[PDB]
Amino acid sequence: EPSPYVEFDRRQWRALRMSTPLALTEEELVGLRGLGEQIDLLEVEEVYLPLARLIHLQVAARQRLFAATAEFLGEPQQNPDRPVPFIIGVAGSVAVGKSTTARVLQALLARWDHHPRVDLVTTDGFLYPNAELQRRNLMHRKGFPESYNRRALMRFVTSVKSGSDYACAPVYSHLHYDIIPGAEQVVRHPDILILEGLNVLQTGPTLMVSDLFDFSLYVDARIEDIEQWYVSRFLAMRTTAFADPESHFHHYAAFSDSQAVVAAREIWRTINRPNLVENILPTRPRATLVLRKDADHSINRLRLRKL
């Protein structure tokens, strides 16, 4: 039966790497991974390099499209010092490691002949402040589609891809568990913009951010494996993030492995799992590329959208 996709396994996928050069040390790679992520240079070669290649082959082809319309409209060409920004979306569950995938991808792309300005933005900064979430009675739905100012988010990405000289985005603090007053991330006509978030790949009755993606990734893995990673990381943060007297979660630092496991599981069960099942997973079918990880966090299978 015909299919819009093409499946792979490491063996098959690594061959699509070609001459694609490695321009990252085992050290730089380290400052790019999050607590719990395993990514090593091998994986960056057999997985992230082919990906980088494909993305590069597309940025060109994708440019033709905006040019065609530009030509149709009889517009004054298109300054190469400012093409239509290539937007890339990275979606997936909480704790699946999309922040690592996004960081590595960014580094790989910024390191390409001519040094493309490659900006990265997470949707965290588009969550409503805690005060506003409390007002809407959503302090326990952080991460759900409605906990986000999707209008501001859409406005942001639209601004950037429309060619704006610069756009601003609020900043989220994981330390304080809330939006930072007066903080902002300024993005200047990037060549590539990577938007990382839980629900970035979703659709609706209004034009959305996913309707502006030229390429998208969905970091996937088994729900039981991800819960495993979540709980695991929760216990591990008792001595990293939670250890800080300022962490909005400082009281967890003192929990016993047992107490911690109970607490972590409760959050997963009441917040992150429901959201994964009801909102995130239903968006996976549209990802240009799905990166399937195994219990060890390694990407061993990939699903590509050829159609």
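For the two forms, the rigid core is made up of the largest set of C-alpha atoms that agree within 1.5 Å on superposition. We number the residues from 1 along the sequence you see.
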| query | finding |
| --- | --- |
| Core-aligned Cα RMS comparison in 8 other deposited structures of this protein - stretch that moves more, 70-78 or 228-236 | 70-78 |
| Between 79-87 and 189-197, larger RMS Cα displacement in 8 other deposited structures of this protein after core fit | 79-87 |
| Mean Cα B-factor comparison, 221-229 or 70-78, giving the higher one as deposited | 70-78 |
| Entry-level comparison of average CA B-factors, 97-105 and 110-118, reporting the higher stretch | 110-118 |
| Candidate residues 244, 278, 45, 266, the one whose C-alpha B factor the record puts highest | 45 |
| Top Cα B factor in the deposited entry, candidates 136, 142, 188, 151 | 188 |
| Position of residue 34 among the chain's modelled residues by C-alpha B-factor, lowest, middle or highest third | middle |
| For residue 55, the third of its chain into which the C-alpha B factor falls | middle |
| Third of the chain, ranked by Cα B-factor, where residue 293 sits | middle |
| Among modelled residues of the same chain, the CA temperature factor third for residue 239 | middle |
| Third assignment of residue 170 from its chain's C-alpha B-factors | lowest |
